[PDB]
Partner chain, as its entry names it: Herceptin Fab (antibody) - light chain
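First, one chain by itself: the form solved without its partner chain, in structure tokens.
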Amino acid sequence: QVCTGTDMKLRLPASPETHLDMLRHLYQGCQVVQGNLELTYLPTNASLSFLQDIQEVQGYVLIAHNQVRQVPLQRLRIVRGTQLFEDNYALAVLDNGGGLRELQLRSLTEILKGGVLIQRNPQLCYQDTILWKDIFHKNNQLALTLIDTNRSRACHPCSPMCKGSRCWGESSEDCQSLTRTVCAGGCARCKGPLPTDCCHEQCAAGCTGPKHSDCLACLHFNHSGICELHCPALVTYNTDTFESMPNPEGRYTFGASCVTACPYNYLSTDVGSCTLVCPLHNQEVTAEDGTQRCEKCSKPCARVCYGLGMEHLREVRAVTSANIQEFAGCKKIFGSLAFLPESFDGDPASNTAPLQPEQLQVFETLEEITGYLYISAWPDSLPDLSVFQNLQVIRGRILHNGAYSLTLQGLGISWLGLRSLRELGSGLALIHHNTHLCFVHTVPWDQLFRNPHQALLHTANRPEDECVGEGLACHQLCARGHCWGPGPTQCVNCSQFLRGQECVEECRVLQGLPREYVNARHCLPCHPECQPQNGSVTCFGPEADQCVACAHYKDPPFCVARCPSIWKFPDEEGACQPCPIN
């Protein structure tokens, strides 16, 4: 499997009580980490066995402020360095002090870009035994290296089984394997001193044989086990008949691999690649159920409603009274939403007033968010998030601190609301320190999530015993106690009928109230001119054509309020007949 990375750098965990659960859900059972691998602030005796599967990291690897003695990354082979820590380093080990004893990185043979930074680790032995020039790539020899000799532990001698004394640790299995500095040819990587130990130009991290199917890691694109320079195109040009034609072997490019179809949240583009944003002069189209693609505009494109993190809002901290008006009439926002302190408070340095509850109403039309929704402040007069009650989908293509798509911190909310919400496309949900929030424990969260590596993380909300002690519970007219809040409107799935978004027991066919005809899960009124008799058809249907009895001016084919001005007039029985004069 393939999993994503945090991109928090050195900042404190948002919820220190759940930080190990965040890391286990993001990284358990995956081979490839897209983005960065960041392991920071781990407590003494933290259970890290879920990391043992990772072979590839596409960004940098950051290990900082941890109290664990070892981190089980011995299967890691390649760090691509497509992003660097402080713009300089691909591997950084900082302040782990009773601290890290050994690096234990036995399989690491490639760092494609950036340097190695190891500082302030008193207990960490075997930093200066490793030949770091064998790990840096031939074409990217920046080699910026900082090593810290100020060790407090007395180092055990390197095992006599290691020919060059290149230990990563105390064991005979911790010896560095050299793949660049031991070959006489021009070969980027090889498996031994012989000319026959050199391997294929597209292999990275070493080889088990001379062919492009013998690679330990693939330099460019992994085509389902075969290592390749480009993914095969979807369309090929016939050199002799001068026409473009489909390629039966064509693949979509996705990260550093080739696929026949892209993962659920990715937007397919007709050139043969999968993206989080659509190219200029294109629309998103839900061409088939459960998927989406880009299509070209045949005429000049309509206005696109952008949110935080994109275009002219990409450097903006939060939604405020200075910019909230840009969302007027928007049903879909391309970007994220964030409501923080100094969104619902003033800023004398920016000459900007606080948001009012009457200004939040601009989001009443909103149905879809392409990024994340983060709320850490909310007006005390609003018991819920009902201003977002029509929100259906949060895609999660941009996540808060690379991990969270839905985040609620320290709010005065009594129940969530959000009853239209059907999907959380990507990322974790984090809800904590909300001392009045009750109904978070009755939402069917497993129905909102769309793959593995997704979960709800929660702590410090209203105890279930305090909810029951005040009678705060799901309404009886809906499935299995699944509720977004109190009362008949916040039910997920009504068992009988829905009228005005309330669950109800009866469909008003024989009752003293204004009568309604029956539909599959709904009840709708009779035409007022039709007589409210006790028969199930006589008053009942979506047009007067279904009525059998009429209060006044009855036109024989259907009931009407008045005889139409061929002109008609009422007869001696109150029924409409043609006039002698039109």
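Numbering follows the first chain given and starts at 1.
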{"item": "Between neighbours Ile566 and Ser565, residues that the deposited sequence lists but the model omits", "value": "10 or more"}
{"item": "Gap size, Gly98 back to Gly97 (deposited sequence, no coordinates)", "value": "10 or more"}
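Omitted here: the form deposited with its partner chain bound. The next part is about that form.
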query: 4.5 Å heavy atom contact, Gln577 and its partner chain in the deposited complex; finding: yes
query: Partner-facing stretch of 48 to 56, 530 to 538, 551 to 559, 22 to 30, counted where any non-hydrogen atom is within 4.5 angstroms of its partner chain in the deposited complex; finding: 551 to 559
query: Those residues of 560 to 575 which, in the deposited complex, come within 4.5 Å of its partner chain by heavy atom; finding: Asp571, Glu573, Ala575
